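Student: Structure here, sequence nowhere to be found:
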């Protein structure tokens, strides 16, 4: 096996300190290197540091040193990444990575590289306040229609934090749907759009509804998009 | 090289 | 600090073909401690290669890694659909490990010009005192598109934002959205609203326009 399970997402504040955990199950823990590797919104992977649980042999990255701590709990096979002086820049997905071993036949002999990963943990660092989105209809008009096709949608605006998930007609509308990655507005809130192309002969003879789901806010709205 | 250490250890545990 | 330089930035080619990704280190990577990971869209990295040459068990033969010292190359021999993702190179030859900025392997198709649709601010939103005009560039290739907002012929400055989907699993196109944001007025003290688009698939820009009324 060798399964790594991280804690739920987190919303911390600038200046705050966050602690993320990783649970290893199905292989030796104390004797294998365990590193943390984050990934900022729309960017690559950055290695932050690691630790060999045995003697708590720690390896920190200069960019983070004197600001980050990495721990192991041999008695519970768990690892901890604590990071303070949180800045909005630190908004990223933090990954727990355990190195692989020669020949999975099985656990035995380190290889340095990270063969095992957690599901990732979203940590958002903002001074903004959690809020569900306002959902406005992108109505089908003569300017959104051409030939036999017509584009409609809905603007999911001013929410926080990530993520939001959209669907159409309770999922009864799959192909033609494009949901764009959210962009960070100046107010510090996110916003995005969900569109879909549909036959235009079916506009009056049909009803289109976008179901929005912002779990971090316990919000679940449904907006009816119809002609202009 | 920090990334090597676990080799030092696996070689000992195997050794004895 | 050792810098891993990955190129090209985006390698675009057809399935069933062979992909060769380049990783060059600013310094000599000791003991050839180099790994290649594959990150598929919404997932976590998947280790493909280590020690430059070594492939774990579970990784398909398609993947081969070579090079040494300061020049490393990842090689997929016959691309499968799932192979179109991002690829990262990491060096662990010294304590401070580092990653390359990554390389995207995109499906190459025939150029397609964006289908431009335009949506006026909903009344529901205007009742809030803020307006948002949306401009959808739908189903185009490549992903490089230029959008420009124009209100009463006046060109626009940093009051719009655009988002781009990832390449489409089904038809390999990209879609983009550009939102212009205003206050009720001055949205109400301007007549026409248009967005013009420049794409490698068009000889002339495409301009979608509407005037406060229709519908």
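Tutor: Structure received. Numbering: from 1, shown residues only, chains lettered A, B, ... in the order given.
Student: Stretch C:183-201 and chain A in contact?
Tutor: No: Stretch C:183-201 is not in contact with chain A by CB under 8 Å from any CB of the partner chain; minimum separation 9.7 Å. Where you see a C-beta, it was placed from the backbone N, CA and C, and this is true even at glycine.
Student: what distance separates the start and the end of that stretch?
Tutor: Using CA to CA, to the nearest Å, one end of stretch C:183-201 lies 34 Å from the other.
Student: how far does that stretch sit from the chain's center?
Tutor: With CA atoms, centre = their mean, to the nearest Å as the basis, stretch C:183-201 stands 25 Å off its chain's centre.
Student: Could you check that stretch and say which residues are buried?
Tutor: C:187, C:193-197, C:199, C:201 (16 or more other CB atoms under 10 Å in any protein chain shown).
Student: For stretch A:21-31, list every residue counted as buried.
Tutor: So, applying 16+ other CB under 10 Å, buried residues of stretch A:21-31: A:21-24, A:27-29, A:31.
Student: Please read the previous query as pertaining to stretch C:39-50.
Tutor: Neighbour count says stretch C:39-50 has C:39, C:44-50 buried, by 16+ other CB under 10 Å.
Student: Show me the contact partners of that stretch.
Tutor: Applying CB atoms under 8 Å, 6 or more residues apart in numbering or on different chains, the external contacts of stretch C:39-50 come out as A:37, A:45, A:95, A:97, A:100, A:111-115, A:117-120, C:33-38, C:55-56, C:59, C:63-65, C:74, C:82, C:85-88, C:102, C:166.
Student: ok, now with 6 Å
Tutor: Applying CB atoms under 6 Å, 6 or more residues apart in numbering or on different chains, the set of residues contacting stretch C:39-50 from outside is A:111, A:113-115, A:117, A:120, C:35-38, C:55, C:59, C:63, C:65, C:85-86, C:166.
Student: Repeat that for stretch A:30-47.
Tutor: A:48, A:50-54, A:74, A:79, A:81, A:92-95, A:97-99, B:6, B:9, C:88, C:97, C:99, C:101-102.
Student: Any of the residues you listed buried? List them.
Tutor: Buried subset of those (neighbour count, 16+ other CB under 10 Å): A:48, A:50-54, A:79, A:81, A:92-95, A:97-99, B:6, B:9, C:88, C:97, C:99, C:102.
Student: Leaving out chain neighbours, which residue sits closest to residue C:140?
Tutor: With sequence-adjacent residues excluded and distances taken as CB to CB, 6 or more residues apart in numbering or on different chains, residue C:140 is closest to residue C:114, at 3.7 Å.
Student: before we move on, the earlier item: please flag which of the buried residues of stretch C:183-201 sit within helices.
Tutor: residue C:187 (DSSP state H).
Student: Out of the buried residues of stretch C:183-201, flag the one nearest to residue C:135.
Tutor: The closest of the buried residues of stretch C:183-201 to residue C:135 turns out to be residue C:195 (CB to CB; 3.9 Å).
Student: Could you measure from the nearest residue to the closest one once chain neighbours are set aside over to residue C:115?
Tutor: Once flanking residues are discounted, residue C:195 sits nearest to residue C:135: 3.9 Å by CB to CB, 6+ apart. Taking CB to CB, to the nearest Å as the measure, residue C:135 and residue C:115 are separated by 11 Å.
Student: what about the two, which has more around it?
Tutor: Between residue C:135 and residue C:115, residue C:135 has the larger neighbour count (other CB atoms under 10 Å in any protein chain shown), namely 25 against 17.
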